[PDB]
C-alpha cells in the first residue's frame, strides 16, 4: 500500500476552535469554592466534530482553521493523538476556552468570544487555503467566523473552491448563512436544521411538507444543488436540484443528539467525495446522525451498528 499523492481528500474548516472544559459537579455552590477531580478537556469545534467522524468512517481528511498560543497547541496535540492530519494557520492571538458545568440536571455554559484575526492573518489564510486546493476534492465548513474577519470571509473561501471545481458542504446559521446565500459564489450543500431554516426566512416554523417545499424553493436558496434540512427524530427533508426527498428513519434509544448535525455533515461530505447517488448520500448522512444521537459522546459513531440502521431508512420522492 502506497501513501497517495493526489487530491482524493476532504478538507475541514474550524475557524474558531476551542479548548472545551467540562466540569461535572454534584452541586454548584454559588459564592463558594467548588472542588473538582474529574475534569474533561477536549478539542472543541463543530468542524472538529465533522473531522473526528470522517476519521472514524475512514475518509482521508485534513483539518485546518486558525489556532493561537498554548491552547492552539493543545488542539494540535489532541489531533496528533488521534492520528488526524492538520494544517492550521497560526495566529498571534490565543485560541479560546469554553466552559460547561454539569450540575443538578443542568448545563451551565460560559462561551468566550475568542481571538481577533488581524488583516495579515486573514490574507495569509486565504493564500494557505488556495495552495491546499490542488490536494483536496471536498471542503466542509462549520461554525461562525471569529472576530476581526470581514463579513464576506466565507464568501471569499467559497469563491476559491468554485474557482478550482471543489464542492463546499456548508453548515452555518443566522446572519452567517444569510451572507453566503446573497453572494454569487455558492456552496454545493447546505445543512440547516428546520429551526435554522425558518428563522433565516423570518417566518414561523412549520413541519408540513408543502410549507417545507416552498421554503427551500425561495430565491434565497437559488444556485444551491443540495438543501438538506435535518429534522432531529423525524429524519430529513431534502431538495436536490429540482427533486424533493423525504427521509424517514426508525425510532432509536437517544443519549445525546448534540453533534448529530455535524455527524450528518460528515456523512454528506463522505458521500460527495465518493460521488454516491442521492439515496445512498441521504441514508449515510442520516445513519451517522442517528448513530451519534445513540452515543453519550459528541461527534462519535459506533459503526458496528451502521448497516442495521442504514437498511431501515426510507427515502422517497415527495
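Residue numbers count along the first chain shown, from 1.
- In this entry, 287 to 295 shows the higher mean Cα temperature factor of the pair 287 to 295 and 34 to 42.
- When the mean C-alpha temperature factors of 156 to 164 and 239 to 247 are read from the deposited coordinates, 239 to 247 comes out higher.
- Within the listed group 109, 80, 121, 196, the record reports its top CA B-factor for 196.
- Taking the PDB entry at face value, the top CA B factor among 206, 130, 116, 137 belongs to 206.
- When the CA B factors of the chain's modelled residues are split into thirds, the value for residue 253 lands in the highest one.
- Ranked by Cα temperature factor within the chain, residue 95 sits in the lowest third according to the deposited record.
- The deposited CA B-factor of residue 105 belongs to the lowest third of values across its chain.
- For residue 19, the recorded CA B-factor ranks within the lowest third of the chain. Only modelled residues enter the ranking.
- Compared with the other modelled residues of the chain, the Cα B-factor recorded for residue 73 ranks in the lowest third.
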